[PDB]
Amino acid sequence: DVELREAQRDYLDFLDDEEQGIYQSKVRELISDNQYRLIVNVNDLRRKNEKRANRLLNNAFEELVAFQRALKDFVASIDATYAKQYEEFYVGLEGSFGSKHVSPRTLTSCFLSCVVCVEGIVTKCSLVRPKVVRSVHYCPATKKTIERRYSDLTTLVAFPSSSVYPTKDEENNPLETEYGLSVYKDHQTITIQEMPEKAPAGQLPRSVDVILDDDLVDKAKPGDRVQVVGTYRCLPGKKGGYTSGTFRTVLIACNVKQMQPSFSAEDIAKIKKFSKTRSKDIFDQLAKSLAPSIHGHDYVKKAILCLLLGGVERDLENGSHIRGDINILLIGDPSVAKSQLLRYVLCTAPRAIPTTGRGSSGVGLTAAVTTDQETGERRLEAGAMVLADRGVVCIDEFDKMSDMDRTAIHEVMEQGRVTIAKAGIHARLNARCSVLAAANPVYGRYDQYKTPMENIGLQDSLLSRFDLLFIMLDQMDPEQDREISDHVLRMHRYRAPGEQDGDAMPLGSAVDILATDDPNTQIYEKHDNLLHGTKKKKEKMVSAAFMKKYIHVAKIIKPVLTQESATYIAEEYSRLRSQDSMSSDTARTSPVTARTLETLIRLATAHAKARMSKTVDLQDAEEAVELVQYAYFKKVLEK
Amino acid sequence: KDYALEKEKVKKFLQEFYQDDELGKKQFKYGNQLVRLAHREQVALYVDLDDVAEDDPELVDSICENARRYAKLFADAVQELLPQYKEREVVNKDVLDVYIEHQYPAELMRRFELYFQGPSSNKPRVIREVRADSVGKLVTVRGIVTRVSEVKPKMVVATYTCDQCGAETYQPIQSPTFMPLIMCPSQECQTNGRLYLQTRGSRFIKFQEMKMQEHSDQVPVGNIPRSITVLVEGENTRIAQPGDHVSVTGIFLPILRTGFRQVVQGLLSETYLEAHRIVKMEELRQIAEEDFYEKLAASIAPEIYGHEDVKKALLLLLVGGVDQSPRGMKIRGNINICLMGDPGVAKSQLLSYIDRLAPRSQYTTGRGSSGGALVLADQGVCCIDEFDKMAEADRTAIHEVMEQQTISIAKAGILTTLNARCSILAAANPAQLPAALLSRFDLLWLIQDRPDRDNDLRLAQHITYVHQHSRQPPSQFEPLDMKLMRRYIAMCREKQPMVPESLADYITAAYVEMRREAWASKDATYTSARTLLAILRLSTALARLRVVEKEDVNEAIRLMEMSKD
Amino acid sequence: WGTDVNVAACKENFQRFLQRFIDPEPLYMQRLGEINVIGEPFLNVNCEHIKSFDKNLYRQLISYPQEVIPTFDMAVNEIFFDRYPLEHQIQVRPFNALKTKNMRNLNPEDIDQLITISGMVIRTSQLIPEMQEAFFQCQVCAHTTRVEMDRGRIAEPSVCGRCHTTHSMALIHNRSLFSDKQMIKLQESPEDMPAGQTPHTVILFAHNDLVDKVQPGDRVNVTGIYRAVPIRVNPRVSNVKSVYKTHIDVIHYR
DNA sequence: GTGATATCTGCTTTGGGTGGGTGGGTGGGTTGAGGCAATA
DNA sequence: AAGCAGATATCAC
Ligand SMILES: Nc1ncnc2c1ncn2[C@@H]1O[C@H](COP(=O)(O)OP(=O)(O)OP(=O)(O)O)[C@@H](O)[C@H]1O
Ligand SMILES: Nc1ncnc2c1ncn2[C@@H]1O[C@H](COP(=O)(O)OP(=O)(O)OP(=O)(O)O)[C@@H](O)[C@H]1O
Ligand SMILES: [Mg+2]
Ligand SMILES: [Mg+2]
Ligand SMILES: [Zn+2]
């Protein structure tokens, strides 16, 4: 009572700060941008009133009610009409919560009625449904209107109000609902699961249930990595006047954050200068910098850079489509770093979905039906390739996938669409992704005296659907062995600067993020003797963060093909296709088709993107032709 | 607000609103319809909110905020105005009127319906943007119809009669469920009977339930399309079918639970859209007069290069040949084509084009669907991609369609036959499909791409231009748009040309010539008696483009021999 | 009842129809003679003939079949017993030669009206017994009573007449009187189907001698009354859904 | 004053996963992935 | 919310 009034007074004092002005300005912006939720940083509250912050974090529901009442009063003070516009104003929290930073494993009963910040992966989402807040009813006979308020266990002030609408007045005269005058709010439920890398040994990850209401709905979709700030509550229930004493617990969100680069003017200037510095060296340097811990497979790295940059998809006025996504296949001998390159792309690309041939199915790749959590409605859940829409799917052990499962990949690889015709569902799903696949030859170890087609053991149509195919061979050469051995041993000797000698990597880890914003760019990575060697360092390495920003900026450019590039590409395609037995030893790894011409155009466009050029010039076309020439032919040894 | 003033204002708008008609230039748009409703030549009245906006935008805003209220207000205004607009007696009185002639709720005598035609200022939404802030408001939503229900009767007013006192009782209904009355409430029965529902004295309305879906191109990245439920009543029924693209104006409302299920369920509710308006979404002679066959064929997928004769064959599959014998007996006209070739020769692009052009069609893949598309493609085209990837069960279905033009199903011994009168356009990669299936195709085209410098140079020049400009390189004759190509195809299909007696000997001479070559070739050609019937089928299709003449037989012959190479 | 049907006038009109109508000896007089010769007490009447002779009688037959057909039965019985002084009295079966409706166009305005539709039989049920007269026996004195069914409801006795005990009358199910009923599923004909739509299906109910008169696979024209029946929310409650289900009470098979 | 007979009160229902898999699938719930035997 | 089982006070004869 008196404590609630004092808390409301304190919160009103906190938001009226013109006498530094951060929250007075924030509320003005809230009004201007047509919002009804203000995000408050608990660090400022802690600075100005420590006791009020501790109470807010430890007695969450009452303190949040007082905070929201104070916010409504303040907004009304700035502008009364706007305050009348909205039923309620909400408060979200951010900053550092100390020990309240938890995961779904560490979120225990001791955090009940507290504000917590949870970090995890979204596994399940639900449909948005309306929830009645205030009901308005009219009496035609008596010409008067009556209002009703509803609340449940999920509201800030929990009370189990009745769901039945009024139907008649105290007088027998009947009542009719004014739906356009009533108030409803959106409601959704999600599940957040522990990050698998953080789980203890042998343990499947734990999960927690979260409730999103109002604006927070649809802020997260399955597959996202999120940070949710909310309040922890138990939902007690009874049946037949009996309670089991065991209660479900939910997190009632007040803020949802994602874990889209943010660009400062200095970074933009750095990117522009980097693009301007060299004409031909940008692409080569970027490709050299891709996966530093792997000794060079230089052409493969250039191809992977092209895949990350991509081409430009064409939409024609008639409605026909030409894809811009570049697909790559790597077939190789054991232990040539195929899986490591796939893992690097998984770690670096903005949207990358891992998959194994033996551990995946067509259903799991495309989409699955099941009963809706509510009403038991036949609903669809996205598979790997739909989750990878406008992203990358990395398929390891591609040769192990079943033929029937493999066939489901053709339509996505070529057209970019998934057709679902099952369980009384007819849908066309967008799966516009780039496929990066790794495989072994039929005999495990490539037989140089057999032909590429006999070693690869795949149908010509599937091979045709791949923009580039790379045969990676392990040839015992003493000089190459020396270089690779030096690189590998240097990698294994490395010790990160923070760690001490003798330290062992733990299996699992506690929560390390202690704030919503990370308390912690340079173009070139700082030289390390072990990571780079004692060589004179003539070749410089671009840093990971700068590479991530630069590739993001370049992916948005759409280079336009020019007449000279088109002429060169056409002539080179004619030469590639006409040439039969161009070298008598030489054999074609994949057939040359009009898809090869489209691949040339795609690679040239990606190269032009790397330079941040608005036009595709002859140098880009030459690079694409060089890549295709390297990839499409292999010498066959004669015994 | 006091609703009496609003009712008076609605009456005013209905009465004195006049709009410049095409000819009259001053007509009362809604007074005439009120006259028609009074005389019962019309059932449904559609109020366009643009007209209301012209006079007073505030009332349009009020209607859009609280639409279900203003629907009742407009209905009451119309019901009160109807007597004043009546001129003569109603010509014909049906069962309800006879019952009436032989207190009543105001809705028992109502025989019209009132709907709103949403304002042009309210731009349409996708099903996602219809959220909790729209509950009880008038919104316009776009989508694809995926399911429709048979029209059924829904009770609006239930009428009872007491067996003892013979009085009449009425029970207006405004819920998905209701509580029937049992015991008579009349004074006579109360001072000292059972109520029984009288179907003849009750008022029903046509009812229909349908599901809508989001357009694929509008779904956000990495999401699944959402769906909404639309409830349709009265004169808005039988408008939407599965597959059509519709724009639905209606009211977004929650579904009312009933019984103990009110108590158990919390504050959450399911929703639906209450439908108010459903909207489905001599130069010409000169184009038909000269070289029109070459022009139309060249217009098939202009972004593809070099498949001139295949494109000509696909045009015949679109017109489809004559369906009747000279005496009116039904015969099979549908033409089946299979494109066999090596990868990357635009087979899938050509099939994708034909699906978009065909008015009724279904595109399927060898493994994208199994164990239905044929039924939806009845009287249409079924594009079967990856034709050699299907299972035996799928193969048997296709075989029976090319034979009987029907699909037979057996639900645990309960047989049923569905119409499958569709054309089959198949694409396959050479390995091994059974010969029993290949001989059924009228045209078997083997697309082989042998490398050649000049042709490869020309193809590359075409493709690079398309990537450079997002359209085909210019040619002497401009391709025709799909909107315009579907008109000529439909117009041609109306004709039913016949083959004369005279050509009998000539067509026979061609058949033996084809047979002799097949025996001499010693290849696996499928020239049989079935080939003779194929000459007639193609010949009549060619005429339907242009009574069959010798020039159509020559083109049909040439197209076929070019196919067998 | 909201019907402009005078029973006596309808009966007189139909007797006049049987007496005077001539097919272009009255036709149905010959039919009655053939009925006597054969012994099957069913008279089929073509609605087109009734329309030609009398347009009011036809209009009333179509609008109120339930009320009007029994008067036709009374008329035919009276006339037949005059001309020829049979297990049961003769029953009229009006029919339309051609279908007057499509299964896809059935509307609420057609409820409780005589209609004809064409279709193909797909399923028939096993026989369903319907109680017509209930049989009660006192569990104390063995006194027996019979109660006539009334609109699907039975008035269970509360006290035995002979011994006045209360709540002692038990219904003896197998001493009651039952009649036959059959459920049939009719599928829309392939010809009338719009292009690319799945066939519609309708439920028909046949009674007494019309049961087992069609088999799955048959193509039939069915003349009957269109009915609308309420659907209970669940078996325990008396709540009903606002949307009614429909079927056809079969009167004539062709 | 006894025999109905009319009014009032408390129980539990629903299909549902906080009501179990130590109730049972002959009491009743689509979709997919995973072992078998027979299969080719 | 809807309906059956049980309890019980109440009119009527
Ligand atoms: N060129 C290389 N540079 C650096 N490390 C390498 C190189 N080749 C192999 N390695 C290391 O050797 C091991 C090779 O295993 P990896 O899974 O990458 O091989 P792979 O080519 O995918 O084999 P497989 O076909 O058997 O799955 C990894 O530790 C990888 O780091
Ligand atoms: N003649 C051509 N003109 C224009 N584009 C062509 C031509 N041939 C092939 N292409 C292009 O090649 C790409 C592959 O074509 P498509 O997928 O239709 O081949 P396909 O014959 O169906 O192959 P598959 O047998 O492998 O399924 C498409 O972009 C198509 O536009
Ligand atoms: Mg590997
Ligand atoms: Mg294809
Ligand atoms: Zn007795």
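Excluded from the calculations below are hydrogen atoms, water molecules and symmetry mates; all remaining heavy atoms, backbone and side chain alike, are included. Here is the naming used below: chain letters follow the sequence lines, and residue numbers restart at 1 for every chain.
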- Message: Show the nearest heavy-atom pair for residues A:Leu380 and A:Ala427, with the distance to one decimal.
- Response: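 Taking A:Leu380 first and A:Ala427 second, the nearest heavy atoms are CD1-CB, 4.5 Å.
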
To the nearest Å, how far apart are [X] [atom1] and [N] [atom2]?
X	N	atom1	atom2	result
C:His167	E:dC4	NE2	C1'	14 Å
C:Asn239	D:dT13	CG	P	18 Å
A:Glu377	D:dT30	CD	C1'	13 Å
A:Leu235	D:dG17	CG	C1'	16 Å
B:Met179	E:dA1	CE	P	13 Å
A:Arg358	D:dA33	CZ	P	13 Å
A:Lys238	D:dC11	NZ	P	13 Å

Using the [atom1] atom as the reference point in each nucleotide, state the distance between [N] and [M] in Å, no decimals.
N	M	atom1	answer
D:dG21	D:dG16	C1'	14 Å
D:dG29	D:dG24	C1'	15 Å
D:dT14	D:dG27	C1'	16 Å
D:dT18	E:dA1	P	26 Å
D:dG15	D:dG28	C1'	9 Å
D:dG35	D:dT39	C1'	16 Å

- Under the 3.5 Å Watson-Crick or G-U criterion, the dot-bracket string of DNA chain D, with | for inter-strand pairs: ||||.||||.|||...........................

I want to verify a distance call: between [options], whose nearest atom is closest to the [X] side chain?
X	options	value
A:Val363	D:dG32, D:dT30, D:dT18	D:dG32
B:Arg261	D:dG32, D:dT18, D:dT14	D:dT14
B:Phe260	D:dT18, E:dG3, D:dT14	D:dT14
A:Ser244	D:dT18, E:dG3, D:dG32	D:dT18
A:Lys422	E:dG3, D:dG32, D:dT13	D:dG32

Would one find a side-chain N or O of [X] under 4.0 angstrom from OP1 or OP2 of [N]?
X	N	answer
A:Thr371	D:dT31	yes
C:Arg236	D:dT13	no
C:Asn234	D:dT14	no

- Please say whether more than 12 non-hydrogen atoms of neighbouring residues, nucleotides or ligands are located less than 6.0 Å from CD in A:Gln459.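 Open: at most 12 neighbouring heavy atoms sit under 6.0 Å from CD of A:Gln459.
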
Describe the nucleic acid contact of [X] in one word from base, sugar-phosphate, nothing, applying a heavy-atom distance below 4.0 Å.
X	value
A:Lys239	base
B:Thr258	nothing
B:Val264	base
A:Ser361	sugar-phosphate
A:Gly237	nothing

- Task: Could you say whether A:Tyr242 or A:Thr370 is positioned toward the 5' end of DNA chain D, judged by the nucleotide with the nearest heavy atom to each?
- Result: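 Between the two, 5'-proximity favours A:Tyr242.
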
- Item | Member of A:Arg206, A:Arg105, A:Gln203 meeting the side chain to side chain donor-acceptor pair (under 3.5 Å) criterion with A:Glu194 |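 Of all the options given, the one that passes is A:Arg105.
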
- Message: Does the structure place the NZ or CZ of A:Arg406 under 6.0 Å from the centre of the six-membered ring of A:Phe398, at an angle of no more than 45° from the ring's axis?
- Response: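 Checked: cation-pi criterion met.
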
- Query: Any cation-pi pair here, C:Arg151 with B:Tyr196, using under 6.0 Å and within 45°?
  - Reply: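 Checked: cation-pi criterion met.
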
- Return yes if the base of D:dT18 and the side-chain atoms of A:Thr246 contain a donor-acceptor N/O pair under 3.5 Å, otherwise no.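 By the distance-only test, yes, there is a pair.
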
List the atom pairs, with distances to 0.1 Å, where a side-chain N or O of residues 233-245 of chain C and a protein N or O form a donor-acceptor pair under 3.5 Å, not counting sequence neighbours.
residue	atom	partner	partner atom	Å
C:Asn234	OD1	C:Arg236	N	3.0
C:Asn234	OD1	C:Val237	N	3.1

- Message: Do A:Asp213 and A:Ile211 have side chains that approach each other closer than 4.5 Å (heavy atoms only, starting at C-beta)?
- Response: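 Yes. Closest side-chain heavy atoms under 4.5 Å.
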
- Message: Could you tell me if the side chain of C:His167 sits less than 4.5 Å from the side chain of C:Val159, heavy atoms only?
- Response: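 C:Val159 does not reach C:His167 side chain to side chain.
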
- Query: OG1 of A:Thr177 to CZ of A:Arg148: how many Å apart, nearest 0.5 Å?
  - Reply: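 Taking OG1 in A:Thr177 and CZ in A:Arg148, the distance rounds to 11.0 Å.
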
- Query: What parts of residues 395-411 of chain A reach DNA chain D, counting only heavy atoms under 4.0 Å away?
  - Reply: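 Correct list: empty, so none.
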
